[PDB]
């Protein structure tokens, strides 16, 4: 059967980047041409592989990680990047093998009074390891003084809201990101490109 890429890309709503969604793909046939040869994507960058060679390949799993960030932050969904997203929300490894896909979603994620449904982590004691996910809401203790779950002078809540409006500048507009990663393990390779 055909791979459920429509469900991830054309999903009605996306996850907050701090709680980025992960969909496992398995036992299907994926036509990646419907993606690369499409003109809906402002970013389509692949790292471990060539995109036009992806139709001749077979993997054991394919992972599609999706979330929303501002345009100026798409830059950080790349190997060896740093900043508030890469450090504390979504980390891609140096040895990344897969593709990063992004489009401007203003039409669907900015709303008149402002859309505040997409959140991000601003503070963390240390940087995320690659593909790690942190969804805790513990009070960030910036100083020596303990917080005891109480916000104050050097005690900060770690999650903050994006606010998307239709009239923001391009750099601050919402962007949907799908990160496809590939892996070939000692096991049956069930996700294959379309066979002749």
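Numbering follows the first chain given and starts at 1.
Mean C-alpha B-factor is higher over 6-14 than over the other stretch, the pair under comparison being 6-14 and 168-176. The PDB entry reports B-factors from which the mean C-alpha value can be compared for 131-139 and 34-42; the larger average falls on 34-42. The entry lists C-alpha B-factors for 159, 68, 58, 64, and the highest of these is at 58. The PDB entry assigns residue 152 a C-alpha temperature factor belonging to the middle third of its chain's modelled residues. Remark: residue 94 belongs to the middle third of its chain, ranked by C-alpha B-factor as recorded. When the modelled residues of the chain are ordered by C-alpha B-factor, residue 25 sits in the highest third.
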